[PDB]
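Have a look below at one chain only, the form deposited in one PDB entry, in structure tokens format.
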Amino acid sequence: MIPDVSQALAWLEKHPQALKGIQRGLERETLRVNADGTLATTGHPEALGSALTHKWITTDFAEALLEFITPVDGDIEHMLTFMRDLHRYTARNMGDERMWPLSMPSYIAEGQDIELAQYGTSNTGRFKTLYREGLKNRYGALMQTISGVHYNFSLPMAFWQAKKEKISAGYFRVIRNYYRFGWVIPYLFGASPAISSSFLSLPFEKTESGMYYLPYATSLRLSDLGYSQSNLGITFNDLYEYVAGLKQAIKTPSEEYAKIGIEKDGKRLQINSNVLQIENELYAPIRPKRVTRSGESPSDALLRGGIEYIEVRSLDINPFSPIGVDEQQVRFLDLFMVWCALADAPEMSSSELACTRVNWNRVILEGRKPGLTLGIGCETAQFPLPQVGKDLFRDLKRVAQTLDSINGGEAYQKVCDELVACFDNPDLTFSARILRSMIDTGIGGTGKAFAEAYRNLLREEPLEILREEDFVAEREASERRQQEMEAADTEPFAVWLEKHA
């Protein structure tokens, strides 16, 4: 089921230098909560400044949903350390409040008023918030409080040399392989096998607290439960075809969306009634990206310069790390992305891509189940999970040797050894571990307990890269960037919307 990559691997083993210069970036989300596990209703904390302009710290869908962001980085440890500074600072400057360590919220009722992300009075800020309002009215607020971790990754220019359009075509290859084989991610690092009742077909088992869980599950975050664009026939074979599918989607009405309406008593309800308001409304486990310019849309930018990097978006929050992501995970994704770039990927239609989901779903709902088998696309399940994983890891291990040879030491290889172990025993995986803790204490209990311990820890730890003064400065500067946008003579919102993306 794993394809034959023997040829491309040998090539790589003979061009090791061609991997030197990997660029990475992390994004990690977390809910601000009270000590009692309730959703914080205070505003974005003072010391962090302007969520709308800050370079490193901002908000996602909700006002209480922190989003931490690292600068693009060449060094793993540096980047994780940077990310940890952000957390250190924030944990110290947010009152008696703390950071929720899990993907899944707990203490949140059904229909609970969730303050949307607040970006001020500028056009840009209003738009951002409106997009959110939009999302609230189409999909519900609740599911939007589910947090995750995003990983940015680019291969060095050297890699494509050794072997623009060649580049974009290469990243499309990567994405296609991610669709076929990336269920490996929730298997290993998936960390949401349970969900609060408040949050609701499946064989769910219920506890006395009213915790719902699937015995063998991995990542309910990624399930239909946690996350409608199936009539879009978006494809990943080719730059122009992808973009074209993306654009036509922007211009694709919706019956469901025309209903909500744009307005009611003057309140704008959404940006538009199109299936996609903006392009990023598009569901994407993995996403082709190019840094955009000003007034330039993601598709414009892609079209212009081709694919620059990719964004992996399938990771749940790592509960066992205070920054919600660790070295082991980062290193695994390096290995995996590279492999995805080496492996041979036939072109896939729309419906063929949708078919690659069946394996994802199986892994998501029951990945840790003994005897579990996977299948090729929609076809009958045939292949035992553990053997597939071992096959995959034989290859990754080879990638790892190469990578360890250029970087020096054996860090990647050790990581392969460590995770391969998880195929012979699923009880080693994140989901099994966190599930054991959740059955005894519940989601809430586990959440508060971790959140508290992490709070103490992070609070008492020194700043390493970002000093206190760097934060104070960026606060001040971000507040000011926002005020400058606010005070500017911007255009009428209407025609403005009209001239966007």
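Only residues modelled in both forms are compared. Note that residue numbering begins at 1 and tracks the sequence as displayed. What we label the rigid core is the largest C-alpha set whose atoms superpose within 1.5 Å from one form to the other.
**Student:** Does the comparison with other entries of this protein show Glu110 left unmodelled in at least a third of them?
**Tutor:** In at least a third of the other entries, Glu110 has no coordinates.
**Student:** Would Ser223 be found without coordinates in at least a third of the other compared entries?
**Tutor:** Result for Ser223: never missing in the compared entries.
**Student:** Gap size between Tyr139 and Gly140, counting deposited residues with no coordinates: none, 1 to 3, 4 to 9, or 10 or more?
**Tutor:** The entry has no unmodelled residues between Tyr139 and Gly140.
**Student:** What number of deposited residues lacks coordinates in the span between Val291 and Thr292: none, 1 to 3, 4 to 9, or 10 or more?
**Tutor:** Unmodelled stretch: none, continuous chain.
**Student:** Check the entry's C-alpha temperature factors for 351 to 359 and 252 to 260, then say which stretch has the higher mean.
**Tutor:** If you average the C-alpha B-factors of 351 to 359 and of 252 to 260, the larger mean comes out for 252 to 260.
**Student:** So, looking at the entry's B-factor column for Cα atoms, which has the higher mean, 272 to 280 or 143 to 151?
**Tutor:** Going by the record's values, the stretch with the higher mean is 272 to 280.
**Student:** Which is it among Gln387, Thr124, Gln112, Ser103: the one with the largest CA B-factor in the entry?
**Tutor:** Comparing C-alpha B-factors across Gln387, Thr124, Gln112, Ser103, the maximum falls on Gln112.
**Student:** Would you mind checking which of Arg180, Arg304, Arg398, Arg132 has the top Cα temperature factor in the PDB entry?
**Tutor:** Spelled out: the listed residue with the top C-alpha B-factor is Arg304.
**Student:** Taking the values exactly as deposited, rank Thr380 by C-alpha B-factor within its chain and report the matching third: lowest, middle or highest.
**Tutor:** Ranked within chain, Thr380 CA B lands in the middle tercile.
**Student:** Sort the modelled residues of this chain by their C-alpha B factor and say whether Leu26 lands in the lowest, middle or highest third.
**Tutor:** According to the entry, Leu26 has a C-alpha B-factor in the chain's lowest third.
**Student:** Select lowest, middle or highest to describe the third in which the CA B-factor of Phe332 falls within its chain in this entry.
**Tutor:** For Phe332, the deposited C-alpha B-factor lands in the lowest third.
**Student:** Splitting the chain's C-alpha B-factors into thirds, which one does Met94 fall into?
**Tutor:** Its C-alpha B-factor belongs to the middle third of this chain's values.
**Student:** Looking at the entry's B-factor column for C-alpha atoms only, identify whether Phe172 ranks in the lowest, middle or highest third of its chain.
**Tutor:** For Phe172, the deposited C-alpha B-factor lands in the middle third.
One more form of this protein should be noted, the form deposited in another entry, which is absent from this view; the next part is about it.
**Student:** Using the rigid core as the fixed frame, list which single one of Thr121, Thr207, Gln387, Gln328 shifts its Cα by at least 2 angstroms between the shown form and the other one.
**Tutor:** So the only displaced C-alpha belongs to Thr207.
**Student:** 2 Å or more on the CA of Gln17 between the shown form and the other one, with the rigid core superposed, yes or no?
**Tutor:** No.
**Student:** Please identify, after superposing on the rigid core, every run of 3 or more consecutive residues whose C-alpha atoms all shift by 2 Å or more between the shown form and the other one, listing them in sequence order.
**Tutor:** Listed in sequence order, the moving runs between the shown form and the other one are 206 to 210, 487 to 490, 492 to 495.
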